[PDB]
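Q: So I pulled this structure from the PDB, and the sequence comes with it:
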6 protein chains.
Amino acid sequence: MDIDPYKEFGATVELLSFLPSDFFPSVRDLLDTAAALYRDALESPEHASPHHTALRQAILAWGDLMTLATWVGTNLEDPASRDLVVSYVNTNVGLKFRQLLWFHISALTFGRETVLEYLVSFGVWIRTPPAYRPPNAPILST
Amino acid sequence: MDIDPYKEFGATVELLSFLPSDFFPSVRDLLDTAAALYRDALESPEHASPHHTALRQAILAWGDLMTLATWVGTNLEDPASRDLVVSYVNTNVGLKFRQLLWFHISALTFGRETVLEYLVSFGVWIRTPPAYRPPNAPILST
Amino acid sequence: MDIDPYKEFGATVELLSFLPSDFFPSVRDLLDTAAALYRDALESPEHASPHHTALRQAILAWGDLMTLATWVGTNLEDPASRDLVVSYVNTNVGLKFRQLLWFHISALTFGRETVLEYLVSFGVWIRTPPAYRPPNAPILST
Amino acid sequence: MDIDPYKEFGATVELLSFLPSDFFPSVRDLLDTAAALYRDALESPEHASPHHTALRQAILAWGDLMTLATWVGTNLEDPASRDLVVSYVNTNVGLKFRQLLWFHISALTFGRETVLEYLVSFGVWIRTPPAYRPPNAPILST
Amino acid sequence: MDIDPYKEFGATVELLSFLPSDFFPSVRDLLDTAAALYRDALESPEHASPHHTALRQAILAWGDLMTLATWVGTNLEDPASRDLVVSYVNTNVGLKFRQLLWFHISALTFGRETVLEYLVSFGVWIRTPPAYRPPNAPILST
Amino acid sequence: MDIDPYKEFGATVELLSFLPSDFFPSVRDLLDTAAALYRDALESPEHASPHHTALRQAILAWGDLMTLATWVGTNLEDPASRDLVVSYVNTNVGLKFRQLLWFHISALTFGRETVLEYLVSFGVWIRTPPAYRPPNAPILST
Ligand SMILES: COC(=O)c1c(CN2CCN(C(=O)CCCNC(=O)c3ccc(C(=O)[O-])c(-c4c5ccc(=[N+](C)C)cc-5oc5cc(N(C)C)ccc45)c3)CC2)nc(-c2ccccn2)nc1-c1ccc(F)cc1Cl
Ligand SMILES: COC(=O)c1c(CN2CCN(C(=O)CCCNC(=O)c3ccc(C(=O)[O-])c(-c4c5ccc(=[N+](C)C)cc-5oc5cc(N(C)C)ccc45)c3)CC2)nc(-c2ccccn2)nc1-c1ccc(F)cc1Cl
Ligand SMILES: COC(=O)c1c(CN2CCN(C(=O)CCCNC(=O)c3ccc(C(=O)[O-])c(-c4c5ccc(=[N+](C)C)cc-5oc5cc(N(C)C)ccc45)c3)CC2)nc(-c2ccccn2)nc1-c1ccc(F)cc1Cl
């Protein structure tokens, strides 16, 4: 039934609510990072962590919708519909994969612990009111 | 990069091409089967096998396209060309998910070796000349 | 000298005569099956079994006749009598290759003993009087 | 897919490009050599090297096309077509088997090493320009 | 054949396309820089590390092109050192030598690990959102 | 700035100029012989030897000038320019590459000592008067 990817990873789906929209880099940058620094283990036919499994499984989904967005700009003679659909692709759909792809890439580099710790210390950051807040946003580190 | 769905789990996308599209059961069916069997592996925060860890994504990935069918269902003016898309969503873009679900369900329920041993077997049957050919079909045991 | 194709691999050309020509799947089919299964044994420069080492030759041997069909396809004036030849190429001269491919594919995929154990079995079925005779057909397991 | 016989033998198909057309003896001499000095292991139902496997598998192909050339001179009432076809049989088709049969026969007698070494030292021979070239062509030796 | 110059160096041509073109200093700076630190090593008769080997061949490969464009300045008017020759050499082909020279000059200075790390450790810093990142890029330490 | 391309290997430009001009085979032949002999080490992501490193960079250098030979074929319309310019890459500068390609290739297969001896021998052989020079040129040795 209703399942959260973060369940087995010590996280939650509501945990990403604290992260604003622009917190996540663009999807193009998302794939390119994994396509640059992780290409070995991804196409490697022998995974080592579950993140490698979900990641290469997740990249196919986004690569899947890309063909969808390509076809939509092929047979839909309603430019308003092709606008909203293609826009909605980069919208919450794309914003969903961003919330997912970013985690695993952040997961593989730092583990599944510091990414939690950062998201822990980030939400408390944005939790704090404006004036009494450390203006330098917390940096993802190790 | 060019990640492929089925490399570390034995079979590959070249292998599944034997099975015609008509063999794959409807996505409405599979979503209950391994789910009605598995209220735990699809919900426990402690993984057991990469299959359901890979299965969760298509689960999440399916509802997204379903959410797209939901979102598109009202927020588009012309349902005529729209349903042309929703047909494309269920038929084609769901066909790939129809295979991703069918693998891990049968695999997780019958061991990975059985599905590989069955994939080769059915392709043998499908390529045998139908002039005389056994009317048998998928066996699946433990 | 009078070399025979099937001496060291168990079965012999006298044995394969049980199988009528209609049983053998089309060469268009077999060329993908063991190839789609085997991107390595058909490409690795380090052999494993003599089958694919024997299989490569018919692969090369097939394209030659196919190259002959290609070369003949334009460099002959009358395609009427020409296609009489190209029919003879695919039908008869390809029939022998149709058997050479079918053996090693099934043999390399199911062990040499299974095909020998299956060859005798089918001949038993083919010679049983069809007045009452099992409607079964090639089994193939491990 | 596209496969080279020389892949598992430390050679390549492009390696034979250095060898001119007349480098290879006629096919009749090719079979007769194997039909004279190797008849024991060829019809022997227990091979000892992969060359014995590919060789007896290769001889059948050429023996196969011979029946083809025989039939072509039986029902094709176009003498130009029977000319070009039969000529093309002895052409690059036959020149292909010559490149193959010669290697294995040369392989079995000297191993799969000196035949490479010779073809290594032969191409460098023909690589050298005319005037500054050792006029005595390199001899296949042991 | 296809020989990426970074194969025996860890990095690949695709990892280096992960950085913007402006990331690489100008061509003349690298020549003067390398010629301002390794006159004692480049023109030395004996090489210590392979970077000296690749770098020496890298520079002379550049001097030929500059020598090339110079000679082209006396052939014709537009497509000779004016419209296409010096434009293509100085602009297009320069983009790949800028990284060849930069990598080795960067490498031997700080080893090969550090140059491999800095690419990734920088190439994502340019991808991180503006607000949630440090103000200045990282720096090659050791 | 003027770095010896050969100073690492004892020989200098005078020695390869010490031999005649057309003694060096055509550019494509070396790449043929280079690809045939050393298809594996040049693809290998491991530092085989100093010759391999320079040989890879040597080929990629030629790979670029051939690209400009291809670029001029398309984005250059003046036949007086496109033809004459190719005479610089294909004819004028190719000699400078054939010296490198012939040296590094030969040194690998034989050894840096023998190639230097072979330079002196064939360098003095050609200068000996024709009336009393030995019959054949000196031989490549081990
Ligand atoms: C996983 O890797 C990534 O790719 C990655 C990372 C991680 N990267 C790591 C590298 N990185 C660097 O910056 C380099 C390290 C050096 N930096 C430093 O040392 C550094 C950086 C900032 C500060 C900072 O301002 O306070 C300081 C700093 C201090 C640090 C520690 C400290 N004490 C003692 C404890 C005291 C400090 O006192 C200071 C005092 C200052 N005054 C003078 C006022 C000023 C500064 C400081 C140091 C940026 C983050 N994050 C994120 C991300 C994106 C959006 C939102 C949140 N997170 N996304 C990705 C990602 C992106 C795309 C993609 F596809 C995939 C991925 Cl996964
Ligand atoms: C595998 O077997 C085969 O069947 C076979 C062979 C091998 N055979 C072996 C037997 N064979 C002989 O000749 C007998 C051996 C005795 N010969 C010698 O001693 C001999 C032969 C030639 C020379 C030669 O001219 O330089 C020399 C010679 C020297 C030798 C070594 C030497 N030092 C110290 C290192 C110094 C030398 O200084 C000389 C100096 C000279 N001055 C006075 C100028 C003159 C000569 C020499 C010696 C010929 C080759 N080759 C080829 C082949 C065909 C085409 C193209 C290339 N290759 N095809 C086949 C095949 C065919 C069909 C078939 F269906 C299947 C097969 Cl496989
Ligand atoms: C050989 O490689 C290269 O040439 C190279 C490099 C290497 N880079 C170059 C730049 N570089 C530096 O800048 C030095 C570090 C700067 N350090 C700091 O700023 C720094 C960091 C921390 C502190 C700190 O303790 O608080 C301080 C510091 C102070 C800071 C501010 C200050 N107040 C208030 C005014 C007072 C300070 O008082 C101090 C006092 C101290 N005491 C008393 C002991 C000690 C420290 C400090 C400074 C060295 C490394 N990069 C790049 C490149 C390319 C693209 C993009 C980015 N980069 N390309 C190349 C390349 C180019 C072309 C070519 F052909 C080939 C190559 Cl390879």
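A: Done, it's in. Residues are numbered from 1 along each chain as shown, chains lettered A, B, ... in the order given. Ligands and ions are numbered 1, 2, ... in the order given.

Q: Count residues in the vicinity of whichever residue of chain A sits closest to chain C, would you?
A: Taking CB to the nearest CB, chain C has its nearest neighbour within chain A at residue A:45, 11.6 Å off. C-betas here are computed from N, CA, C, even on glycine. Using other CB atoms under 10 Å in any protein chain shown, residue A:45 is surrounded by 11 other residues.

Q: how far away is it from residue A:56?
A: 10 Å (CB to CB, to the nearest Å).

Q: Next: residue A:85.
A: 26 Å.

Q: and if you look at residue A:135?
A: With distances taken as CB to CB, residue A:135 is found 39 Å from residue A:56.

Q: So these two - more neighbours on which side?
A: Neighbour count, other CB under 10 Å: between residue A:135 and residue A:56, residue A:56 has more, with 25 against 5.

Q: Double-check that one against residue B:3; I have them as touching.
A: Yes. Residue A:56 is within contact range of residue B:3, at 4.5 Å (criterion: CB atoms under 8 Å).

Q: Mind listing the shared neighbours of those two?
A: A:42-43 (CB atoms under 8 Å, 6 or more residues apart in numbering or on different chains).

Q: end to end, how far does stretch A:122-133 reach?
A: Using CA to CA, to the nearest Å, the end-to-end distance of stretch A:122-133 comes to 12 Å.

Q: close to ligand 1, is that stretch?
A: No. Stretch A:122-133 is not in contact with ligand 1 by CB under 6 Å from any ligand atom; minimum separation 7.3 Å.

Q: just how off-centre is that stretch within its chain?
A: On the basis of CA atoms, centre = their mean, to the nearest Å, stretch A:122-133 sits 23 Å off its chain's mean C-alpha point.

Q: so what's the backbone phi/psi at the residue of chain A found nearest ligand 2?
A: In chain A, the residue that lies nearest ligand 2 is residue A:45 (42.0 Å; CB to the nearest ligand atom). When read as degrees, to the nearest 10, the backbone of residue A:45 gives phi -80, psi 10.

Q: Confirm for me that it is in contact with residue B:7.
A: Yes. Residue A:45 is within contact range of residue B:7, at 4.1 Å (criterion: CB under 8 Å).

Q: Write out the residues of chain A neighbouring ligand 3.
A: Counting by CB under 6 Å from any ligand atom, no residue of chain A is near ligand 3.

Q: Which residue ranges of chain A form helices?
A: A:27-37, A:39-43, A:50-75, A:79-88, A:94-110, A:114-127 (DSSP state H).

Q: quick one, which of those helices is nearest to residue F:51?
A: Checking these against residue F:51 by CB to CB gives helix A:39-43 as the closest, at 28.2 Å.

Q: how about the closest one: buried residues?
A: Buried residues in helix A:39-43, counted by 16 or more other CB atoms under 10 Å in any protein chain shown: A:39, A:41-42.

Q: Out of the residues you listed, which comes closest to residue F:102?
A: Comparing the buried residues of helix A:39-43 against residue F:102 with CB to CB picks out residue A:39 as the nearest, at 36.7 Å.

Q: can you pull the contacts of the closest one?
A: Shown in contact with residue A:39 (CB under 8 Å, 6+ apart): B:1, E:14.

Q: let's see 10 Å
A: B:1-3, E:12, E:14-15 (CB atoms under 10 Å, 6 or more residues apart in numbering or on different chains).

Q: any chance of these in TSV, plus distance to residue A:92?
A: Converted to TSV, the contacts of residue A:39 look like this (distance: CB to CB, whole Å):
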residue	distance to residue A:92
B:1	26
B:2	27
B:3	24
E:12	35
E:14	31
E:15	32
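
Q: circling back: thinking the residue of chain A closest to chain C is in contact with residue A:53, fair?
A: No. Proximity of residue A:45 to residue A:53 does not meet the contact threshold set by CB atoms under 10 Å, at 11.8 Å.

Q: Which neighbours do these two have in common?
A: Between them, residue A:45 and residue A:53 share the contacting residues B:8-9, judged by CB under 10 Å, 6+ apart.

Q: now do the same end-to-end measure for stretch A:105-118.
A: End-to-end distance of stretch A:105-118 (CA to CA): 14 Å.

Q: How about that stretch and chain B, any contact?
A: No. Remark: stretch A:105-118 sits outside contact range of chain B, by CB under 10 Å from any CB of the partner chain, the gap being at least 11.7 Å.

Q: Contacts for that stretch, please.
A: Applying CB under 10 Å, 6+ apart, the contact partners of stretch A:105-118 are A:6, A:8-11, A:15, A:25, A:30-31, A:33-34, A:37-38, A:41-42, A:48-52, A:54-55, A:102-104, A:119-121, A:125, A:138-142, E:120, E:124.

Q: Now a PyMOL select for only the buried ones of those.
A: Of those, the buried ones can be selected in PyMOL as follows, counting by 16+ other CB under 10 Å:
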select buried, (chain A and resi 6+8+9+11+15+25+30+31+33+34+37+38+41+42+50+51+52+54+55+102+103+104+119+138+140) or (chain E and resi 120+124)
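
Q: ok so, going back, among the contacts of residue A:39, which ones are buried?
A: Applying 16+ other CB under 10 Å to the contacts of residue A:39 flags B:3, E:12, E:15 as buried.

Q: Same list as before, those residues that is, but in CSV and with distance to residue C:81 included.
A: Formatted as CSV, the buried ones among the contacts of residue A:39 follow (distance: CB to CB, whole Å):
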residue, distance to residue C:81
B:3, 52
E:12, 56
E:15, 59
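
Q: Also within reach of chain A: list those from the residues you listed.
A: Answer for the buried ones among the contacts of residue A:39 near chain A (CB under 10 Å from any CB): B:3, E:12, E:15.

Q: quick one, what contacts the nearest residue to the last one once chain neighbours are set aside?
A: It stands for residue E:15. Spatial nearest neighbour of residue E:15, chain neighbours left out: residue A:36 (5.5 Å); criterion: CB to CB, 6 or more residues apart in numbering or on different chains. Residues counted as contacts of residue A:36 (CB under 10 Å, 6+ apart) are B:1, E:12, E:14-19, E:119-120, E:123-124, E:127.

Q: Same list, those, but only the ones touching ligand 2.
A: Within the contacts of residue A:36, nothing lies near ligand 2 by CB under 6 Å from any ligand atom.

Q: what's the most distant pair in these?
A: Longest span within the contacts of residue A:36, CB to CB: E:12 and E:127, 18.5 Å.

Q: Next, the contact list for the closest residue to residue A:80 other than its chain neighbours, please.
A: Leaving aside its sequence neighbours, residue A:80 sits nearest to residue B:77 (CB to CB, 6+ apart; 6.6 Å). With contacts defined as CB under 10 Å, 6+ apart, residue B:77 is in contact with A:78, A:80-81, A:84.

Q: between the ones next to chain A among the buried ones among the contacts of residue A:39, which is nearest ligand 1?
A: So of these, ranked by how close each gets to ligand 1 (CB to the nearest ligand atom), first place is residue E:15, at 14.2 Å.

Q: Isn't that closest one up against residue E:122?
A: No. Judged on CB under 10 Å, residue E:15 makes no contact with residue E:122 at a distance of 11.6 Å.

Q: OK, contacts around the nearest residue to residue A:68 once chain neighbours are set aside?
A: Nearest non-adjacent residue to residue A:68, counting by CB to CB, 6+ apart: residue B:93, 5.5 Å away. Residues near residue B:93 by CB under 10 Å, 6+ apart: A:64-65, A:67-68, A:71, B:65, B:68, B:85.

Q: likewise residue A:46?
A: Counting by CB under 10 Å, 6+ apart, residue A:46 has contacts A:52, B:7-8.

Q: for it, phi and psi?
A: According to degrees, to the nearest 10, residue A:46 has phi -140, psi 90.

Q: and the spatially closest residue to residue A:32 that is not a sequence neighbour, what is it in contact with?
A: In space, and not counting its chain neighbours, residue A:32 is closest to residue E:18: 6.5 Å by CB to CB, 6+ apart. Shown in contact with residue E:18 (CB under 10 Å, 6+ apart): A:32-33, A:35-37, E:11-12, E:119-120, E:122-124, E:126-127.
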